[PDB]
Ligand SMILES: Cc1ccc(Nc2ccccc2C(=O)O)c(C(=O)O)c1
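What follows is one chain in structure tokens, specifically the form deposited without the ligand.
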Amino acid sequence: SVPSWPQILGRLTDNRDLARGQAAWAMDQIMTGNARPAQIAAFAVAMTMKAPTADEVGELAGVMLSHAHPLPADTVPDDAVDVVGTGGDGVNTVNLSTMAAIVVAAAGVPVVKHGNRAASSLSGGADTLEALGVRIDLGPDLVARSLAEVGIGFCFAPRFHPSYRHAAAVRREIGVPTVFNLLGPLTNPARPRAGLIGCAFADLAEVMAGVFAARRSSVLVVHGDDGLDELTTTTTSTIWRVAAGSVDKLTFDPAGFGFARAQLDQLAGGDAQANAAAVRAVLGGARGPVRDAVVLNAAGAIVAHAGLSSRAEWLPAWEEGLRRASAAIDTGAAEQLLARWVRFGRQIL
């Protein structure tokens, strides 16, 4: 049974899980430039509607990572974290994960994010950072220095995943969310072993938790029960607590921590300059549902970070994560870290 597109696509459209190595073969065809756009699209859609398994996604992400540019050896702290969403919920939110990232870094946890400029005028993470004066497109050496000197870094996806460009193009062409939406968080080229990961779909969030569990990562995979790939105060959330290769599925109610119920339109995004203004507001200590969501996201990442070296009780872990996140803001540390981050970028010249 030598792999082929008819064999693999046939299996998927028959609603069957793939044999071992088939997903990996598919990805190696995609990453070497040998997959036609039609084959990429067909595979992406087929994989999605069949329902991908943890093993299948692990093969995809593993092959993708092998093609990626690494950060220099021994430069990424062992306890570095990611804060990121898979997108594909159809809800344009303000850049909560990016704000949370700055807060988490300010609380003493190394953060390395990973992404690209958004195709549409809707400002994504990378676009907002650039609007804030951050240099997002840096080589491996400079990201390493950024992590060392500032405590935070950003891996620009096109630079670190150049062989993924064919796949990325197809993604834009078809528009619909697919299995490939899961690969972003699973192919952070800095390879953090912890993070707060948002996912737009309940079924896929569990698949992701399985992949992270297989890597023995310490992660919280979060799903807004209203369908958001974000952690917010608008409603309750399902959180998969991944640590020690073990996975606990928990419900999470922000009201239990005293947060008020916010409306979803209060978290709506805009253009880059608007989202930049929102970042400055939160880091400036402004109260409201945005800060609340940022503090939740930051605390989540901090709980995941703690999961690397211990396994504390859930609620007291969160209470301390929330405190550290709140402190990081109100001491001015988070605002100060963004400034040091901007400063580091200016020093490069």
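All residue numbers are counted from 1 along the displayed sequence. Between two forms, the rigid core is defined as the largest C-alpha subset superposing within 1.5 Å.
Only in words, not in the display: the form solved in complex with the ligand, which the text now covers.
> If we take the ligand as it sits in the bound PDB entry and superpose the C-alphas round its site onto this chain, is the site open or blocked, where blocked means 3 or more ligand atoms come within 2.4 Å of a backbone or C-beta atom?
The site is open here, because the ligand, transferred from its pose in the bound PDB entry, meets no backbone or C-beta atom within 2.4 Å.
> Counting any non-hydrogen atom inside 4.5 Å, which residue from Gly139, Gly256, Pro158, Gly227 sits next to the ligand in the bound PDB entry?
None of the other options qualify; the answer is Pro158.
> Note which of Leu183, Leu71, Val150, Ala213 lies within 4.5 Å of the ligand in the bound PDB entry, where distance is taken over heavy atoms; exactly one does.
The residue in contact is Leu183.
> Please identify, from 256 to 264, 236 to 244, 102 to 110, 166 to 174, the stretch that has a heavy atom within 4.5 Å of the ligand in the bound PDB entry.
That would be 166 to 174.
> With a 4.5 Å heavy atom cut-off, would you call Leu308 a contact of the ligand in the bound PDB entry?
Output for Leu308 is no: heavy atoms all beyond 4.5 Å of the ligand.
> Answer with yes or no whether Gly133 is in contact with the ligand in the bound PDB entry, where contact means some heavy atom within 4.5 Å.
Although the ligand is absent here, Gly133 would stay clear of it in the bound PDB entry, with no heavy atoms inside 4.5 Å.
> Wondering, does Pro77 line up within 4.5 Å of the ligand in the bound PDB entry on heavy atoms?
Heavy-atom contact with the ligand at 4.5 Å: absent for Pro77.
> Against the ligand in the bound PDB entry, would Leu65 count as a contact residue? Criterion: heavy atoms within 4.5 Å.
Residue-level check for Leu65: no, no contact with the ligand.
> Give a yes or no on whether each residue among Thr232, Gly288 and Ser326 has a heavy atom within 4.5 Å of the ligand in the bound PDB entry.
Verified in the bound PDB entry; spot residues all out of contact, no.
> Can you tell me which residues in 100 to 120 come within 4.5 angstroms of the ligand in the bound PDB entry, by heavy atoms?
Only a single residue, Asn116, comes within 4.5 Å of the partner.
> Tell which of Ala169, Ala119, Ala214, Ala277, after superposing on the rigid core, has its C-alpha displaced by 2 Å or more between this form and the one not shown, please.
Flagged residue: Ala119.
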